[PDB]
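Colleague:
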Amino acid sequence: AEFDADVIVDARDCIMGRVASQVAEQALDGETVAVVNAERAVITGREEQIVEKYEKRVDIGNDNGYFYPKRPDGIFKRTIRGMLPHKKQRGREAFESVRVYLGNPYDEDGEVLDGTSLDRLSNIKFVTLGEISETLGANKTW
Amino acid sequence: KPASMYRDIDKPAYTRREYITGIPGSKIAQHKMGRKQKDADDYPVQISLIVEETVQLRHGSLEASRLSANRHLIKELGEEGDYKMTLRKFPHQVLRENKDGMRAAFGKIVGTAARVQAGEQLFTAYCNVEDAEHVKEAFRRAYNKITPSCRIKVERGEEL
Amino acid sequence: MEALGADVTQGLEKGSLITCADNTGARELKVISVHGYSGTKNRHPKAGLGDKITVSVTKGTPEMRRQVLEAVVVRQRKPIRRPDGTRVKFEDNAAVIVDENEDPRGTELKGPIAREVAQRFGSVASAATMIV
Amino acid sequence: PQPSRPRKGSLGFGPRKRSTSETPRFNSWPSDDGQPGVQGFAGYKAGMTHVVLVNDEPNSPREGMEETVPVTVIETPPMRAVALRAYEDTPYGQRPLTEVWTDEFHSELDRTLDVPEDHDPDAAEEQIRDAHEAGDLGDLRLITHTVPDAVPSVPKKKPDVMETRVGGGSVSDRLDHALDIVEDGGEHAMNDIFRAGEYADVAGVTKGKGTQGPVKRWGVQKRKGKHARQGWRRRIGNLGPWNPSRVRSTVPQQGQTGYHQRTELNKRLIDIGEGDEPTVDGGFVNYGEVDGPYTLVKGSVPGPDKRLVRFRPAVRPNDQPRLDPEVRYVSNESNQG
Amino acid sequence: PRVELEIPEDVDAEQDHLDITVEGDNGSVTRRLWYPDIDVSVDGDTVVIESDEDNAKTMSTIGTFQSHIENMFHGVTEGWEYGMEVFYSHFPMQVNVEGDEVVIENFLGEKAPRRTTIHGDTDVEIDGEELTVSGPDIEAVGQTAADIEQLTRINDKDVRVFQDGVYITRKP
RNA sequence: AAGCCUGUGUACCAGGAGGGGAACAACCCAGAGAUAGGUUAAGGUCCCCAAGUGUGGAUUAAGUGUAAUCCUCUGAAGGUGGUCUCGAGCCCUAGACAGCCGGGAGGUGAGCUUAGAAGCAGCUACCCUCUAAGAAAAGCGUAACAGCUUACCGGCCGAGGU
RNA sequence: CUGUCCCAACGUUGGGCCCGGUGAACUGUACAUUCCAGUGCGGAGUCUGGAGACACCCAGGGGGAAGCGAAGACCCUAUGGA
RNA sequence: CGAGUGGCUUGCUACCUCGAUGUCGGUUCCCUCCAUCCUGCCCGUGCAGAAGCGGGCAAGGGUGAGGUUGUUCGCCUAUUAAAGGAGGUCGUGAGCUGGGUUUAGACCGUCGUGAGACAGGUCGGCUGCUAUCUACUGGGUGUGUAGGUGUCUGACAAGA
RNA sequence: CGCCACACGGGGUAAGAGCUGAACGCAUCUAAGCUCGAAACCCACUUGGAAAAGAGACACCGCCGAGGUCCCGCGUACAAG
Ligand SMILES: C=C[C@]1(C)C[C@@H](OC(=O)CSCCN(CC)CC)[C@]2(C)[C@H](C)CC[C@]3(CCC(=O)[C@H]32)[C@@H](C)[C@@H]1O
Ligand SMILES: [Cl-]
Ligand SMILES: [Cl-]
Ligand SMILES: [Cl-]
Ligand SMILES: [Cl-]
Ligand SMILES: [Cl-]
Ligand SMILES: [Cl-]
Ligand SMILES: [Cl-]
Ligand SMILES: [Mg+2]
Ligand SMILES: [Mg+2]
Ligand SMILES: [Mg+2]
Ligand SMILES: [Mg+2]
Ligand SMILES: [Mg+2]
Ligand SMILES: [Mg+2]
Ligand SMILES: [Mg+2]
Ligand SMILES: [Mg+2]
Ligand SMILES: [Mg+2]
Ligand SMILES: [Mg+2]
Ligand SMILES: [Mg+2]
Ligand SMILES: [Mg+2]
Ligand SMILES: [Mg+2]
Ligand SMILES: [Mg+2]
Ligand SMILES: [Mg+2]
Ligand SMILES: [Mg+2]
Ligand SMILES: [Mg+2]
Ligand SMILES: [Mg+2]
Ligand SMILES: [Mg+2]
Ligand code: NA
Ligand code: NA
Ligand code: NA
Ligand code: NA
Ligand code: NA
Ligand code: NA
Ligand code: NA
Ligand code: NA
Ligand code: NA
Ligand code: NA
Ligand code: NA
Ligand code: NA
Ligand code: NA
Ligand code: NA
Ligand code: NA
Ligand code: NA
Ligand code: NA
Ligand code: NA
Ligand code: NA
Ligand SMILES: [Sr+2]
Ligand SMILES: [Sr+2]
Ligand SMILES: [Sr+2]
Ligand SMILES: [Sr+2]
Ligand SMILES: [Sr+2]
Ligand SMILES: [Sr+2]
Ligand SMILES: [Sr+2]
Ligand SMILES: [Sr+2]
Ligand SMILES: [Sr+2]
Ligand SMILES: [Sr+2]
Ligand SMILES: [Sr+2]
Ligand SMILES: [Sr+2]
Ligand SMILES: [Sr+2]
Ligand SMILES: [Sr+2]
Ligand SMILES: [Sr+2]
Ligand SMILES: [Sr+2]
Ligand SMILES: [Sr+2]
Ligand SMILES: [Sr+2]
Ligand SMILES: [Sr+2]
Ligand SMILES: [Sr+2]
Ligand SMILES: [Sr+2]
Ligand SMILES: [Sr+2]
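What follows is the structure, given as structure tokens:
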């Protein structure tokens, strides 16, 4: 409920890591970024291998723990954390001022940053984050 | 013993039999195969087996790759076919094996090997035009019993 | 196997000395194995009433002794449970020797039998004296 | 070569800690089939007695014969469905929306709750119908409560409140079915939801055993032989290997046993009746005299005599329903013999 | 490259995104044709499959899309026909069509019926010992025809002795 | 074989900071008084992280790879109609390659061997008519015939093919 | 012959746990909420990378601190002793 | 004949520890590996069926009880669906046992002039410590989230 | 040592059986596409779970009084708590 965002980004057909990297850069500049339509995000490569990597991360853990998100909600939020020094003062404040959403809780449409978008007519080998999440063990709530 | 121990050239030239004693004899029987009465110039084709990597092939690996290689030419062209195969290399490099501990490390004599440089012809066959695809197959079996990857080169033969 | 129509509490173990309720020349029988049973780590293989068990003759006639023959547990000391809730227990623990086709090695069987052994091993029942 | 053996105790009912609510809380509810109704009842455990029956199973050669079956006596007095709750389909799951409450409350319901004096049921009901029109309405559940004051053998008068799902028909016709029970007073007996001979699921918080050791807790071996006299009797071999240089949470250790919530599956209801037919001579041990609405549950039931148990139509049954069994004899003999 | 396909008089094909729907007197077949840099279009009455790239991998699909369109045309004109004949040796096998699924009973003496399912629109009709699978979508027909033969798969024993089951007789 | 033993030349560590290499005596830059401003080196410029989501072009579909050197970063013999670029001989609008159709004939079942063998068990030959083709039969098949094709000719088709 | 075992159960007494009083010691380079990998003199809570991690306290059984305790008795060495 | 993976055996090296990192075998208790003994689904057959043989996928679960021997290993019996193999300081002695190796006592055989010796045998022959830190099993008290009660949700977590 | 309860079915695959299908006019299970297929994977089910720092939602009650604590009598609880 309510988040005063400076920049609002649309993840629709946008290469995950590349978006995350620009969102991370901007978080450190002092911007309140909000990634929208995470379910409709994308990751390039063979579906079978992208799934194996993500399934392994769910199997990984011990008594100490290693919580890895299954929902496409948090998968984007954890990739952003992997580009931010989340264990420093500055890096925590920047990360906490970035929230990822499934769909769009706002009225304003999100922008598509340059270089992030994929051409579906030129590509066939990719996956949707929601397609990864149904394979991980989540409940389709989007 | 695995050829992995003797395939590389790292030991000095140890060939002088007037200093080395108790050397096991060659496992090889024939160096000149086929019809050794006829010349190599009486044949239109000269297809050789070229070694790509600089190795040291043992007399056992030589005998084995000569055997199943010549046995295909005896199988396909008969016991007295119109061919003549040749193994131009000879095993001179005497091998060792330490068999105690590392005290008195100089090993006793176990076998013999031939120093083959890269680009050289180990085997060289001289056949007829129709029997050529049988020899390119006698060499496909011969390179599987030696240590390196090989080239089958036609030195005389624009008949294709 | 075919249901007994009663819940048993396995009253025997492996190495257990039981009686041979027949005329085969076999007096005392010693349990070796329980046909079809697979246990757990650190457990003596338990036998109950109405179990085909592998046995060896302990006491008897010179020709019958030292033989490894199969048998069926006819009687036991530990209470078994009939469907009507009643418990039933016998005087001793006994068994009758049997063959490949599950027919008794003898002709006349000594002492009472249980009505639950009848359903399964009928060829022993149609040779039984008393049935309880 | 170290013989194999399955690990001691289950690793599914973890962690073995004390329960939060003594009142069982379901996490799974039945699928929607036919008629709209409530999906569960609740009562208080009374004790045990045996009952003789006629075998209902057509696959059994005992079909028609007398069979003695053990039965847990549980007093099940009528409950009051005091409210109706709605869930909106948020991307975060099923979050509650609003509740519709009554006017007529129980004289002693203010022993746990802050009883509403001024509530607006009408406009709250409108919000649920607008959410239904929108297409985001999830599952509809009723805030049920018990009447412990109805049971003379239970000292507690402070009502145990719990949520229960309504399902069976279309989302429209069941919202209305729920509202209809609420406007009256919410009075419903076991006859309303359960029929005798059906398979139910009894959920209950087990008997409290305090802190017990590995042998009792995880059923591990006592030290055997010579190893039993050296000063170690009920303590395990080791807490783990050299590396990993940490004790795993999977190793059988000491701790709290009992007072855990369990959901005992496929429990057959043998008879649902009223009066003093299942009561024992001298009364039930540490409970008392049963006279009134009850249920007869086959086998055992989690928890001690006096604790609240919950019923639900079996989510995973194996055998086909064999309604209303021929209950010939119910025992009355004293449990003090 | 570019390949222009002439659509017949009995046929009408419409486009919406990457989806091609072919309508005619035998039915309507909807398909999704997608691959990198290949674009399919309708130039009024001709189907054009064109891509800027000429690599073997692309040429593989341009070719496959042509046969997927050409065969959709035959689907809406004449239709697809697969002929099947039930075979039995000792056991009186019964193959009856029940609802949207073809069922086989008493196969090899089994109490349990072996039932498959009809894929899409496809019509499976029986004339005693014969069976004829027919329809516009070759994808559904060839699969419904296969599903029937494959339903009588026996891996447990020798198929040279146990030859019972429906087989494909006529391939279009 | 060794993060093995033992020489030699040399530089370095030991006794050498600082920079880079994720960490890491000896690998790369670099030899270094204090303070300060500036430009570089090795190395690096999507984020973590200072600097390009830089430019012209091709390849790769395996997450190959994103790993200078290394006990440390593997990967081999063999195999590949995965795919890309290049050259060579030969065939082709006098219609190639493939596919589908048609024809695939008689003297004559070659002869001998043999009770028999008639394209096709074996021995030896391997010959000529009609024609646009058609083997003394190349592969299956039959007790043998028969049957099915294969060489070979014609047609359909239409572009490169091998 | 039997609880040695199958297979563990209940009980008994003194402890153990809470309250008063009394009141030590072993050990302590420093820091120290860890875990998974890696690296390093090749056996790291402390280095690198990640993961995890709100603080304090009670009981516990002892996986780890190559735990504490003892300048290895083994082995070699010393131009050692008996 | 050739090419390799492994790190379970053995061997080599002497980097690590001699101001001590407790042995073997066993036991108890926990996590794991697959190079799969059984169980599931498959391919071939010298696949009629039946019981096999050989191969593929697959580590969820299982793989037990006993006789001799300290034995690991192994031989043996009977059951079984099968009675797989390996890693975790050859898992585990601030858990256990102490039968074997390896003290001081003694005997036999061999050698030795002799003291005495033996990678020959044999009998007897000890197992310390009150847990600071951390680790996990369970149990409380505070703070944060920012007045009280009751009912829930589900990011995640565990299971065979 | 007694007694009670502990799925079926789905979803996606592996090896594998196949369908449509091209590069390669044919053929071809595969290159694009698809139908099936393991005790194995996800779901189902059971247990934990507002400290999830995005530190949650609903209903009511109260902010000068809602509610809690002490206290008292005791257990469905219990080593202190
Ligand atoms: C005696 C040392 C013991 C207790 C045991 C020792 O074993 C030996 O040293 C061989 S002799 C053993 C018997 N010992 C008396 C106990 C003879 C003097 C043994 C197993 C090794 C072989 C040597 C190193 C070690 C510590 C690590 C280890 O495994 C120990 C020493 C330092 C330990 O203190
Ligand atoms: Cl975890
Ligand atoms: Cl950080
Ligand atoms: Cl693509
Ligand atoms: Cl046994
Ligand atoms: Cl023990
Ligand atoms: Cl200098
Ligand atoms: Cl990846
Ligand atoms: Mg044992
Ligand atoms: Mg009683
Ligand atoms: Mg009595
Ligand atoms: Mg068979
Ligand atoms: Mg020095
Ligand atoms: Mg930058
Ligand atoms: Mg790689
Ligand atoms: Mg000494
Ligand atoms: Mg002296
Ligand atoms: Mg010393
Ligand atoms: Mg230690
Ligand atoms: Mg495998
Ligand atoms: Mg496992
Ligand atoms: Mg060990
Ligand atoms: Mg230990
Ligand atoms: Mg000790
Ligand atoms: Mg001994
Ligand atoms: Mg001894
Ligand atoms: Mg101690
Ligand atoms: Na990617
Ligand atoms: Na995880
Ligand atoms: Na020596
Ligand atoms: Na003790
Ligand atoms: Na230890
Ligand atoms: Na120097
Ligand atoms: Na550095
Ligand atoms: Na990679
Ligand atoms: Na006792
Ligand atoms: Na410890
Ligand atoms: Na290796
Ligand atoms: Na080693
Ligand atoms: Na041990
Ligand atoms: Na397994
Ligand atoms: Na043994
Ligand atoms: Na050790
Ligand atoms: Na030990
Ligand atoms: Na000890
Ligand atoms: Na399946
Ligand atoms: Sr940037
Ligand atoms: Sr050398
Ligand atoms: Sr080779
Ligand atoms: Sr072990
Ligand atoms: Sr509930
Ligand atoms: Sr739940
Ligand atoms: Sr002791
Ligand atoms: Sr460690
Ligand atoms: Sr770029
Ligand atoms: Sr290393
Ligand atoms: Sr290669
Ligand atoms: Sr303690
Ligand atoms: Sr594997
Ligand atoms: Sr199998
Ligand atoms: Sr050993
Ligand atoms: Sr042995
Ligand atoms: Sr001893
Ligand atoms: Sr002595
Ligand atoms: Sr000795
Ligand atoms: Sr704070
Ligand atoms: Sr497949
Ligand atoms: Sr909270």
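Protein chains in written order, with the entry's author numbering: chain J, 4 to 145; chain H, 4 to 102, 114 to 174; chain K, 1 to 132; chain B, 1 to 337; chain E, 1 to 172. For each residue, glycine too, the CB sits at the ideal point set by N, CA and C.
1) Can you tell me which of the three DSSP states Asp173(B) falls into?
2) For the region 53-62 of chain B and the region 315-335 of chain B, state whether three or more C-beta atom pairs, one from each stretch, are separated by less than 8 angstroms.
3) At a CB-CB cut-off below 8 angstroms, which residues of chain J make contact with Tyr35(E)?
4) Going along the chain, which residues of its own chain have a beta-carbon closer than 8 angstroms to the beta-carbon of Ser19(B), five neighbours each way excluded?
5) Does ligand 2 have a heavy atom nearer than 7 angstroms to the CB of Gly68(J)?
6) I'd like the ranges of any beta strand (DSSP E) spanning at least 3 consecutive residues and lying wholly in the region 78-163 of chain E.
7) For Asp276(B) and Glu333(B), I'd like the C-alpha separation in whole angstroms.
8) Could you tell me which uninterrupted beta strand (DSSP E) segments, each at least 3 residues in length, are contained entirely in the region 22-77 of chain H, listed from first to last along the chain?
9) Looking at chain E, is there any beta carbon in it that lies within less than 8 angstroms of the beta carbon of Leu124(J)?
10) May I have the straight-line CA-CA distance separating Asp11(H) from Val58(H), to the nearest angstrom?
11) With the cut-off set at 8 angstroms, would you say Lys87(H) and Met36(H) are in Cβ contact?
12) Measure the C-alpha to C-alpha separation of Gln76(K) and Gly50(K) and round it to an integer number of angstroms.
13) Below 8 angstroms, can you find three or more Cβ-Cβ pairs linking the region 88-100 of chain H to the region 155-163 of chain H?
14) When the Cα atoms are used, what is the spatial distance from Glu102(K) to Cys20(K)?
15) Quick one: what's got a C-beta closer than 8 angstroms to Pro116(B)'s C-beta in the same chain, skipping five residues either side?
16) Report yes if the C-beta of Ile127(J) is less than 7 angstroms from at least one heavy atom of ligand 4; otherwise report no.
17) In the region 82-93 of chain B, which residues sit with their C-beta less than 9 angstroms from some C-beta in chain J, listed in chain order?
18) Indicate whether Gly106(J) and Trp145(J) have their beta-carbon atoms separated by less than 8 angstroms.
19) Please name the residue, chosen from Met162(B), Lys156(B), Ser170(B), that lies closest to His132(B) on a Cα-to-Cα basis.
20) At a CB distance below 8 angstroms, what residues from the region 5-37 of chain J approach chain B? Give them in sequence order.
21) Can you look up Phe311(B) in the DSSP assignment and give me helix, strand or coil?
22) Is there at least one Cβ from chain K nearer than 8 angstroms to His50(B)'s Cβ?
23) Let me check you understand the geometry: is the CB of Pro36(E) closer than 7 angstroms to at least one non-hydrogen atom of ligand 4?
24) Output, in chain order, the set of chain J residues within a Cβ distance shorter than 9 angstroms of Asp54(E).
25) Expressed to the nearest angstrom, what Euclidean distance is found between the alpha-carbon atoms of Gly197(B) and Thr144(B)?
26) If you draw a straight line from the alpha carbon of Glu108(B) to that of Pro159(B), how long is it in whole angstroms?
27) Report yes or no: is there a C-beta of chain B within less than 8 angstroms of the C-beta of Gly140(J)?
Modeller: The structure says:
1) The answer is helix: DSSP assigns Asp173(B) an H, G or I state.
2) Judged by Cβ distances under 8 angstroms, the region 53-62 of chain B makes contact with the region 315-335 of chain B, as three or more pairs qualify.
3) Those within 8 angstroms of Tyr35(E) in chain J are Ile127.
4) If the five residues before and after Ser19(B) are omitted, its C-beta is found closer than 8 angstroms to the C-beta atoms of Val205, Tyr259, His260, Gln261, all from its own chain and listed in chain order.
5) Yes, Cβ of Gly68(J) sits closer than 7 angstroms to a heavy atom of ligand 2.
6) DSSP runs (the beta strand (DSSP E)) wholly in the region 78-163 of chain E: 80-87, 94-98, 101-105, 123-127, 130-135.
7) Answer to the nearest angstrom: the Cα atoms are 13 angstroms apart.
8) Fully enclosed beta strand (DSSP E) runs of 3 or longer: 48-54, 58-61.
9) Under the Cβ distance rule, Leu124(J) counts among the residues neighbouring chain E, one pair being separated by less than 8 angstroms.
10) Straight-line Cα distance between these residues: approximately 6 angstroms.
11) A contact, by the Cβ cut-off of 8 angstroms.
12) Going from the Cα of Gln76(K) to the Cα of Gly50(K) covers about 10 angstroms.
13) Remark: fewer than three beta-carbon pairs, one from each stretch, lie closer than 8 angstroms, so the region 88-100 of chain H and the region 155-163 of chain H are not flagged as touching.
14) In this model, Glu102(K) and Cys20(K) are separated by some 16 angstroms (Cα to Cα).
15) Leaving aside the five residues that flank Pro116(B) on each side, the residues in its chain whose CB is nearer than 8 angstroms to its CB run, in chain order, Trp101.
16) Yes, ligand 4 has a heavy atom inside 7 angstroms of this Cβ.
17) Taking 9 angstroms as the Cβ-Cβ cut-off against chain J, the residues of the region 82-93 of chain B that qualify are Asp89, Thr90, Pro91, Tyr92, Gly93.
18) Cβ atoms of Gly106(J) and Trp145(J): closer than 8 angstroms.
19) Selected option, being the one with the closest Cα: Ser170(B).
20) Those residues of the region 5-37 of chain J that come within reach of chain B (Cβ to Cβ, closer than 8 angstroms) do not exist; the list is empty.
21) Looking at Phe311(B) - three-state DSSP - the assignment turns out to be strand.
22) True, the Cβ-Cβ gap to chain K drops below 8 angstroms.
23) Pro36(E) has its CB nearer than 7 angstroms to a heavy atom of ligand 4.
24) Simply none; closest approach about 16 angstroms.
25) Each residue's alpha carbon lies about 24 angstroms from the other.
26) Within the model, the alpha-carbon separation for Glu108(B) versus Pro159(B) is close to 8 angstroms.
27) No, no contact with chain B.
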